[PDB]
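Just data-v6.cif here, mmCIF, C-alpha atoms and all ligand atoms:
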data_entry
loop_
_atom_site.label_atom_id
_atom_site.label_comp_id
_atom_site.auth_asym_id
_atom_site.auth_seq_id
_atom_site.Cartn_x
_atom_site.Cartn_y
_atom_site.Cartn_z
CA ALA A 2 0.00 0.00 0.00
CA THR A 3 0.98 3.67 -0.43
CA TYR A 4 0.54 6.04 2.51
CA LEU A 5 0.99 9.84 2.46
CA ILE A 6 1.40 11.80 5.71
CA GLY A 7 1.58 15.58 6.20
CA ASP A 8 3.95 17.70 8.29
CA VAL A 9 5.18 15.69 11.27
CA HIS A 10 6.99 18.57 13.07
CA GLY A 11 8.69 16.40 15.64
CA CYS A 12 5.48 14.57 16.58
CA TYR A 13 7.14 11.17 16.78
CA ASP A 14 4.57 9.55 19.09
CA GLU A 15 1.68 10.52 16.79
CA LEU A 16 3.55 9.41 13.67
CA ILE A 17 4.24 5.94 15.08
CA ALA A 18 0.69 5.58 16.41
CA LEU A 19 -0.71 6.51 12.98
CA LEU A 20 1.58 4.06 11.19
CA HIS A 21 0.50 1.31 13.63
CA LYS A 22 -3.12 2.24 12.87
CA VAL A 23 -2.63 1.36 9.18
CA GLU A 24 -0.19 -1.52 9.92
CA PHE A 25 2.53 0.13 7.85
CA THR A 26 4.94 -2.62 6.79
CA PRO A 27 8.18 -1.63 5.04
CA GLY A 28 8.74 -3.96 2.11
CA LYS A 29 5.01 -4.20 1.46
CA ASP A 30 4.13 -0.50 1.87
CA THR A 31 5.69 2.83 0.92
CA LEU A 32 5.37 6.06 2.92
CA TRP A 33 5.40 9.55 1.39
CA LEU A 34 6.13 12.47 3.75
CA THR A 35 5.47 16.12 2.89
CA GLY A 36 8.47 17.43 4.84
CA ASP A 37 8.79 19.63 7.89
CA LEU A 38 9.82 16.52 9.80
CA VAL A 39 11.37 18.66 12.54
CA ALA A 40 10.73 21.59 14.90
CA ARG A 41 7.98 22.67 17.32
CA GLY A 42 7.05 19.14 18.39
CA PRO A 43 9.25 17.45 20.99
CA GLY A 44 10.73 14.53 19.08
CA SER A 45 12.63 15.82 16.03
CA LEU A 46 15.59 13.56 16.88
CA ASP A 47 13.51 10.38 16.97
CA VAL A 48 11.58 11.39 13.84
CA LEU A 49 14.77 11.84 11.82
CA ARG A 50 16.28 8.61 13.14
CA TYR A 51 13.17 6.65 12.18
CA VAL A 52 12.56 8.22 8.76
CA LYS A 53 16.22 7.75 7.79
CA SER A 54 16.03 4.10 8.87
CA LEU A 55 13.16 3.50 6.43
CA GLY A 56 15.45 3.81 3.40
CA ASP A 57 13.67 3.10 0.12
CA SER A 58 10.37 2.59 1.95
CA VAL A 59 9.99 6.35 2.37
CA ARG A 60 9.75 9.13 -0.24
CA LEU A 61 10.44 12.47 1.48
CA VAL A 62 10.44 16.05 0.25
CA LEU A 63 12.14 18.80 2.24
CA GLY A 64 10.14 21.60 3.85
CA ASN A 65 11.04 25.06 5.06
CA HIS A 66 11.68 23.98 8.65
CA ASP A 67 13.95 21.16 7.47
CA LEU A 68 15.98 23.75 5.56
CA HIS A 69 16.01 26.05 8.59
CA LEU A 70 17.38 23.22 10.73
CA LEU A 71 20.14 22.71 8.18
CA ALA A 72 20.88 26.44 8.33
CA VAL A 73 21.17 26.32 12.13
CA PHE A 74 23.38 23.21 11.96
CA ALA A 75 25.70 24.93 9.50
CA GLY A 76 25.98 28.06 11.66
CA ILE A 77 24.12 30.21 9.12
CA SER A 78 21.01 30.93 11.19
CA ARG A 79 20.25 31.35 14.88
CA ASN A 80 18.45 28.64 16.85
CA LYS A 81 15.07 29.71 18.15
CA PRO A 82 14.08 28.14 21.49
CA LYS A 83 10.51 27.56 20.26
CA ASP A 84 11.72 25.12 17.57
CA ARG A 85 12.90 22.57 20.20
CA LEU A 86 15.87 21.49 18.06
CA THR A 87 18.56 21.29 20.74
CA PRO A 88 18.35 17.52 21.46
CA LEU A 89 18.75 16.82 17.73
CA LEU A 90 21.56 19.34 17.30
CA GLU A 91 23.40 17.89 20.33
CA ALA A 92 22.90 14.24 19.39
CA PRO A 93 26.02 12.13 18.80
CA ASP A 94 24.64 11.20 15.37
CA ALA A 95 23.61 14.75 14.37
CA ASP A 96 26.19 14.86 11.56
CA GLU A 97 24.96 11.55 10.09
CA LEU A 98 21.28 12.52 10.35
CA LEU A 99 21.66 16.03 8.92
CA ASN A 100 24.02 15.04 6.11
CA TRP A 101 21.35 12.51 5.18
CA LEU A 102 18.60 15.13 5.42
CA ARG A 103 20.25 17.62 3.10
CA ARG A 104 20.54 14.95 0.37
CA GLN A 105 16.78 14.39 0.20
CA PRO A 106 14.62 15.63 -2.68
CA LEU A 107 12.45 18.70 -3.00
CA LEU A 108 10.08 16.90 -5.40
CA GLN A 109 8.74 13.34 -5.74
CA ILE A 110 7.02 12.03 -8.89
CA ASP A 111 5.31 8.66 -9.43
CA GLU A 112 4.23 8.31 -13.04
CA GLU A 113 2.17 5.13 -12.58
CA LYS A 114 0.07 6.89 -9.95
CA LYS A 115 0.24 10.21 -11.83
CA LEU A 116 1.16 11.69 -8.46
CA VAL A 117 3.43 14.63 -7.59
CA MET A 118 4.57 15.71 -4.12
CA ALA A 119 6.30 18.88 -2.93
CA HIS A 120 6.25 20.58 0.43
CA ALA A 121 4.20 23.63 -0.54
CA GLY A 122 2.84 22.41 -3.89
CA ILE A 123 3.67 23.27 -7.51
CA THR A 124 3.43 26.89 -8.60
CA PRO A 125 1.07 27.34 -11.58
CA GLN A 126 3.97 29.09 -13.34
CA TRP A 127 5.83 25.76 -13.69
CA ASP A 128 5.29 22.89 -16.08
CA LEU A 129 6.57 19.49 -14.98
CA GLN A 130 9.89 19.65 -16.84
CA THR A 131 10.66 23.01 -15.25
CA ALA A 132 9.68 21.82 -11.78
CA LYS A 133 12.04 18.87 -12.27
CA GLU A 134 14.95 21.01 -13.44
CA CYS A 135 14.50 23.45 -10.55
CA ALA A 136 14.31 20.67 -7.96
CA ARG A 137 17.46 19.14 -9.45
CA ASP A 138 19.34 22.46 -9.29
CA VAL A 139 18.55 23.14 -5.64
CA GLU A 140 19.12 19.51 -4.64
CA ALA A 141 22.54 19.78 -6.28
CA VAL A 142 23.50 22.77 -4.17
CA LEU A 143 22.14 21.19 -0.97
CA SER A 144 24.05 17.93 -1.45
CA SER A 145 27.32 19.73 -2.28
CA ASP A 146 30.18 20.46 0.10
CA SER A 147 29.32 24.17 -0.15
CA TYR A 148 25.69 23.91 0.95
CA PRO A 149 26.03 26.55 3.74
CA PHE A 150 26.54 29.24 1.10
CA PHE A 151 23.28 28.24 -0.55
CA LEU A 152 21.48 28.11 2.79
CA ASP A 153 22.65 31.66 3.44
CA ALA A 154 21.58 32.80 -0.03
CA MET A 155 18.13 31.15 0.20
CA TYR A 156 16.72 33.71 2.65
CA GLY A 157 14.64 36.35 0.89
CA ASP A 158 11.19 37.13 -0.50
CA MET A 159 12.12 38.21 -4.05
CA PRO A 160 11.89 37.63 -6.92
CA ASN A 161 8.32 36.29 -6.69
CA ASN A 162 7.68 35.82 -10.41
CA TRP A 163 9.13 32.92 -12.42
CA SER A 164 10.98 33.39 -15.70
CA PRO A 165 13.35 30.99 -17.50
CA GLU A 166 15.65 34.03 -17.73
CA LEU A 167 16.14 34.17 -13.96
CA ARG A 168 19.77 33.61 -13.03
CA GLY A 169 21.88 33.25 -9.92
CA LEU A 170 20.74 34.06 -6.41
CA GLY A 171 17.27 35.22 -7.46
CA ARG A 172 16.68 31.99 -9.36
CA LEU A 173 17.56 29.82 -6.36
CA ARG A 174 15.55 32.00 -3.97
CA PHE A 175 12.46 31.75 -6.17
CA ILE A 176 12.82 27.98 -6.51
CA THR A 177 13.19 27.55 -2.74
CA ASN A 178 10.22 29.79 -2.02
CA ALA A 179 7.98 28.06 -4.58
CA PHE A 180 8.73 24.57 -3.27
CA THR A 181 8.76 25.27 0.47
CA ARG A 182 6.94 28.53 1.34
CA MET A 183 4.25 29.18 -1.29
CA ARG A 184 0.61 29.58 -0.28
CA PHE A 185 -1.14 32.43 -2.10
CA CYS A 186 -0.68 33.64 -5.66
CA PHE A 187 -1.66 36.80 -7.47
CA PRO A 188 -3.97 36.20 -10.46
CA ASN A 189 -0.92 36.03 -12.75
CA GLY A 190 0.70 33.27 -10.63
CA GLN A 191 3.11 35.58 -8.77
CA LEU A 192 3.94 34.40 -5.25
CA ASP A 193 2.74 36.33 -2.19
CA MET A 194 5.18 35.79 0.67
CA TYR A 195 3.26 37.34 3.58
CA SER A 196 -0.30 36.00 3.90
CA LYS A 197 -0.56 32.75 5.90
CA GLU A 198 -4.28 32.73 6.72
CA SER A 199 -6.99 30.46 5.39
CA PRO A 200 -8.26 31.14 1.86
CA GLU A 201 -11.58 32.51 3.13
CA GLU A 202 -10.00 35.02 5.53
CA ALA A 203 -7.36 36.18 3.03
CA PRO A 204 -7.41 39.63 1.39
CA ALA A 205 -8.28 39.98 -2.28
CA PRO A 206 -7.11 39.41 -4.96
CA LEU A 207 -4.93 36.64 -3.47
CA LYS A 208 -5.99 33.12 -4.32
CA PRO A 209 -4.51 29.74 -3.36
CA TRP A 210 -1.83 28.48 -5.72
CA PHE A 211 -4.04 25.46 -6.48
CA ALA A 212 -6.97 27.71 -7.51
CA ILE A 213 -4.97 28.93 -10.52
CA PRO A 214 -4.95 26.36 -13.35
CA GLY A 215 -1.43 25.16 -13.99
CA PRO A 216 0.04 22.59 -16.36
CA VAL A 217 1.15 20.16 -13.66
CA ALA A 218 -2.16 20.13 -11.78
CA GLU A 219 -4.02 19.55 -15.06
CA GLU A 220 -2.24 16.21 -15.62
CA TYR A 221 -1.14 15.08 -12.13
CA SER A 222 -2.54 14.81 -8.66
CA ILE A 223 -0.56 16.98 -6.22
CA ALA A 224 -0.06 16.14 -2.55
CA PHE A 225 1.49 18.75 -0.29
CA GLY A 226 1.78 19.85 3.33
CA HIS A 227 2.99 23.19 4.75
CA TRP A 228 -0.25 25.17 4.81
CA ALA A 229 -1.68 24.27 8.21
CA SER A 230 -4.26 27.08 8.27
CA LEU A 231 -5.90 25.37 5.29
CA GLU A 232 -6.79 22.53 7.70
CA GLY A 233 -6.68 20.13 4.74
CA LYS A 234 -9.99 21.54 3.43
CA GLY A 235 -11.15 23.58 0.47
CA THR A 236 -9.09 21.94 -2.28
CA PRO A 237 -10.14 20.93 -5.80
CA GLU A 238 -10.28 17.37 -7.04
CA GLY A 239 -6.77 16.01 -7.43
CA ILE A 240 -5.22 18.36 -4.83
CA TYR A 241 -4.44 16.80 -1.44
CA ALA A 242 -3.60 19.16 1.43
CA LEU A 243 -2.20 16.79 4.04
CA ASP A 244 -0.99 19.20 6.78
CA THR A 245 -3.69 19.27 9.46
CA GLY A 246 -1.53 20.91 12.12
CA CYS A 247 -0.49 18.06 14.41
CA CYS A 248 2.21 20.01 16.23
CA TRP A 249 -0.34 22.82 16.83
CA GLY A 250 -2.82 20.55 18.62
CA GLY A 251 -4.61 19.59 15.42
CA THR A 252 -4.24 16.14 13.88
CA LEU A 253 -1.77 14.05 11.91
CA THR A 254 -3.35 12.91 8.64
CA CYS A 255 -2.52 9.80 6.59
CA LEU A 256 -3.98 9.12 3.15
CA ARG A 257 -3.89 5.66 1.61
CA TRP A 258 -3.56 6.14 -2.14
CA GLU A 259 -5.13 2.93 -3.44
CA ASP A 260 -8.59 3.69 -2.01
CA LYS A 261 -8.14 7.38 -1.04
CA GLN A 262 -8.94 6.40 2.54
CA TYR A 263 -8.02 8.82 5.32
CA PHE A 264 -6.69 7.85 8.77
CA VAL A 265 -6.24 10.48 11.46
CA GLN A 266 -4.22 10.57 14.69
CA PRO A 267 -5.18 13.14 17.35
CA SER A 268 -2.41 15.39 18.60
CA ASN A 269 -1.10 14.55 22.10
CA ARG A 270 -0.41 18.25 22.77
MG MG A 301 4.96 22.84 8.50
MN MN A 302 6.19 24.27 5.88
#
For this file, produce the structure as structure tokens.
Amino acid sequence: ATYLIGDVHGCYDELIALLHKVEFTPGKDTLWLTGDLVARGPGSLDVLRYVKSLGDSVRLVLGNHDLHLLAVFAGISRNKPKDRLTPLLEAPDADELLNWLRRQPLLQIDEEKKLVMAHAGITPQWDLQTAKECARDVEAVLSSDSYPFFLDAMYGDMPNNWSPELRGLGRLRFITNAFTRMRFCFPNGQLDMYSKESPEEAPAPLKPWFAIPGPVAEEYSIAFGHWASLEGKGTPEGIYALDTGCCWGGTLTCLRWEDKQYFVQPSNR
């Protein structure tokens, strides 16, 4: 079976309880995770240890809090107490876990299921070939010996409009923002980097990225996490918003792909 779970955010107990609920069995089943494995919840260290141990039985994409953790690890960014990352950062296997984490993809594609996953979704300004090329470019910088320079460069809110003519720092910043921070778009597909509310309580003319027809969403289903204030609701057919806010006292959501059956684990917080 194929299971897809939204942002775990260090909620190890809930993750394991949910996987026991569906009798997840590596070697028979595959797990897709929308990223943001770490921060806010109490068990980022155990989550990373477990997800890494799954090997080919898990298909992960990186989220914005995963990248922030890498930035803290590399000395680029300051640790915020609220993220609860110190046990992971101080673990004897931190190097092994975090060098594994930075080698993971930003984008997962399964052609037989016609299924695409990214942390925040796929901007309507990208076709599939472009999304693939952009994921490959950022994955290449993250898996390189010089990844702290990219992590430093990634911070920023502009440019917010895609063009194949983008070059350099602006190109990487846009790619990172589209994959890991995007929520709302302007009518022309331009990213808005400030509004984090639900679609209904958002100011006009902003609309969810998935409400703007894009080439990828026309041919593929898209599963994503990130946007907790969406509460997993309000999406079109073929769009699966899996982040139901577990670390915030919401729920951890698991979708089984074969029958589109949902399984939910209450937050312990
Ligand atoms: Mg998140
Ligand atoms: Mn996120």
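Omitting residue 264 in chain A and its sequence neighbours fewer than 6 positions away, and counting only C-alpha atoms, the residues within 10 Å are residues 4, 6, 19, 20, 22, 23, 253, 254, 255, 256 and 257 of chain A.
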Contacts of chain A with ligand MN 302 (chain A) up to 7 Å, shortest pair per row, only C-alpha atoms and all ligand atoms, as a Markdown table:
| residue | atom | partner | partner_atom | distance |
| --- | --- | --- | --- | --- |
| A:37 | CA | A:MN302 | MN | 5.7 |
| A:64 | CA | A:MN302 | MN | 5.2 |
| A:65 | CA | A:MN302 | MN | 5.0 |
| A:66 | CA | A:MN302 | MN | 6.2 |
| A:120 | CA | A:MN302 | MN | 6.6 |
| A:121 | CA | A:MN302 | MN | 6.8 |
| A:181 | CA | A:MN302 | MN | 6.1 |
| A:182 | CA | A:MN302 | MN | 6.3 |
| A:226 | CA | A:MN302 | MN | 6.7 |
| A:227 | CA | A:MN302 | MN | 3.6 |
| A:228 | CA | A:MN302 | MN | 6.6 |
Choose the residue, out of A:21, A:104, A:10, A:270, that has the smallest atom-to-atom separation from residue 48 in chain A; count only C-alpha atoms.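 Residue with the minimum atom-to-atom distance to residue 48 in chain A: A:10.
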Between A:205, A:240, A:77, A:229, which residue has the minimum interatomic distance to ligand MG 301 (chain A), considering only C-alpha atoms and all ligand atoms?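 Under the stated criterion, the closest residue is A:229.
Closest approach to residue 56 in chain A from the set A:82, A:27, A:214, A:246 is made by A:27, with distances taken over only C-alpha atoms.
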Could you jot down the atom MG of ligand MG 301 (chain A) to CA of residue 8 in chain A separation for me, Å, one decimal place?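 Separation between atom MG of ligand MG 301 (chain A) and CA of residue 8 in chain A: 5.2 Å.
With only C-alpha atoms as the basis for measurement, A:59 is the residue among A:265, A:59, A:118, A:248 that approaches residue 29 in chain A most closely.
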For the atom pair CA of residue 260 in chain A and CA of residue 26 in chain A, what is the interatomic distance in Å to one decimal place?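 Separating CA of residue 260 in chain A from CA of residue 26 in chain A is a distance of 17.3 Å.
Those residues that approach residue 103 in chain A to within 7 Å, counting all atoms listed in the file, are residues 99, 100, 101, 105, 143 and 144 of chain A; same-chain residues fewer than 2 positions away are not listed.
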Enter the distance from CA of residue 218 in chain A to CA of residue 124 in chain A, in Å, rounded to one decimal. 9.3 Å
Hey, which of A:268, A:78, A:58, A:35 ends up closest to ligand MG 301 (chain A)? Count all atoms listed in the file.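 Under the stated criterion, the closest residue is A:35.
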Using all atoms listed in the file, can you tell me which of A:62, A:40, A:116, A:132 comes closest to ligand MG 301 (chain A)? A:40
Could you pull the residues within 12 Å of residue 70 in chain A, counting all atoms listed in the file, minus those fewer than 3 positions along the same chain, as number ranges by chain? A: 10, 37-41, 45-46, 49, 63-67, 73-81, 84-87, 89-90, 95, 98-100, 102-103, 149, 152
What lies within 12 Å of residue 130 in chain A using all atoms listed in the file, ignoring chain neighbours under 2 positions off, as a list in words?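 My list of contacting residues is residues 108, 110, 123, 126, 127, 128, 132, 133, 134, 135, 136, 137, 165, 216 and 217 of chain A.
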Would you mind exporting C-alpha atoms of the selected residues as a compact mmCIF listing (two decimals), in the frame of the given file?
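As a result, selection03.txt now contains:
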# COMPACT_ATOMS: atom_id res chain seq x y z
CA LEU A 108 10.08 16.90 -5.40
CA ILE A 110 7.02 12.03 -8.89
CA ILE A 123 3.67 23.27 -7.51
CA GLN A 126 3.97 29.09 -13.34
CA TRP A 127 5.83 25.76 -13.69
CA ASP A 128 5.29 22.89 -16.08
CA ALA A 132 9.68 21.82 -11.78
CA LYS A 133 12.04 18.87 -12.27
CA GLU A 134 14.95 21.01 -13.44
CA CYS A 135 14.50 23.45 -10.55
CA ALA A 136 14.31 20.67 -7.96
CA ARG A 137 17.46 19.14 -9.45
CA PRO A 165 13.35 30.99 -17.50
CA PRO A 216 0.04 22.59 -16.36
CA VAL A 217 1.15 20.16 -13.66
Radius query 12 Å about (1.5, 6.8, -10.8), atoms used: all atoms listed in the file, as a list in words: residues 3, 109, 110, 111, 112, 113, 114, 115, 116, 117, 118, 220, 221, 222, 223, 258 and 259 of chain A
Output requested as a short mmCIF file (atom, residue, chain, number, x, y, z; two decimals), in the coordinates of the input - range 5-22 of chain A, filled out with N, CA, C and O atoms.
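Contents of rebuild_34.cif, as written:
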data_model
loop_
_atom_site.label_atom_id
_atom_site.label_comp_id
_atom_site.auth_asym_id
_atom_site.auth_seq_id
_atom_site.Cartn_x
_atom_site.Cartn_y
_atom_site.Cartn_z
N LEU A 5 0.48 8.47 2.51
CA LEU A 5 0.99 9.84 2.46
C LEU A 5 0.63 10.55 3.76
O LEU A 5 -0.53 10.57 4.14
N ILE A 6 1.63 11.12 4.44
CA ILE A 6 1.40 11.80 5.71
C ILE A 6 1.94 13.23 5.62
O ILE A 6 2.99 13.47 5.03
N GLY A 7 1.20 14.17 6.21
CA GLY A 7 1.58 15.58 6.20
C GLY A 7 2.64 15.90 7.24
O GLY A 7 3.28 15.02 7.82
N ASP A 8 2.85 17.21 7.46
CA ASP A 8 3.95 17.70 8.29
C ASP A 8 3.96 17.07 9.68
O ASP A 8 3.02 17.21 10.46
N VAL A 9 5.06 16.40 10.00
CA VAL A 9 5.18 15.69 11.27
C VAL A 9 5.65 16.62 12.40
O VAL A 9 5.26 16.46 13.56
N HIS A 10 6.53 17.58 12.09
CA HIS A 10 6.99 18.57 13.07
C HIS A 10 7.33 17.96 14.43
O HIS A 10 6.87 18.41 15.48
N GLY A 11 8.19 16.95 14.40
CA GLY A 11 8.69 16.40 15.64
C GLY A 11 7.68 15.61 16.44
O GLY A 11 7.96 15.24 17.58
N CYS A 12 6.52 15.31 15.86
CA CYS A 12 5.48 14.57 16.58
C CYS A 12 5.69 13.07 16.36
O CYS A 12 4.94 12.39 15.66
N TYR A 13 6.76 12.56 16.97
CA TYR A 13 7.14 11.17 16.78
C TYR A 13 6.06 10.22 17.31
O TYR A 13 5.69 9.25 16.64
N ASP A 14 5.57 10.46 18.53
CA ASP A 14 4.57 9.55 19.09
C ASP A 14 3.36 9.43 18.17
O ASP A 14 2.86 8.31 17.92
N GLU A 15 2.86 10.56 17.65
CA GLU A 15 1.68 10.52 16.79
C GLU A 15 1.97 9.83 15.47
O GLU A 15 1.12 9.11 14.94
N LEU A 16 3.17 10.06 14.92
CA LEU A 16 3.55 9.41 13.67
C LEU A 16 3.54 7.90 13.83
O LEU A 16 2.98 7.18 13.00
N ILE A 17 4.18 7.40 14.90
CA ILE A 17 4.24 5.94 15.08
C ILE A 17 2.86 5.37 15.35
O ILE A 17 2.52 4.29 14.85
N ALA A 18 2.04 6.06 16.15
CA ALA A 18 0.69 5.58 16.41
C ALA A 18 -0.13 5.51 15.13
O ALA A 18 -0.89 4.55 14.92
N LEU A 19 0.00 6.51 14.26
CA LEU A 19 -0.71 6.51 12.98
C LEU A 19 -0.24 5.37 12.09
O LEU A 19 -1.06 4.68 11.47
N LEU A 20 1.08 5.15 12.02
CA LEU A 20 1.58 4.06 11.19
C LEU A 20 1.15 2.70 11.74
O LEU A 20 0.91 1.77 10.96
N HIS A 21 1.04 2.56 13.06
CA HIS A 21 0.50 1.31 13.63
C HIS A 21 -0.98 1.16 13.30
O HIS A 21 -1.45 0.04 13.07
N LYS A 22 -1.71 2.27 13.24
CA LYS A 22 -3.12 2.24 12.87
C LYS A 22 -3.34 1.59 11.52
O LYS A 22 -4.29 0.82 11.33
#
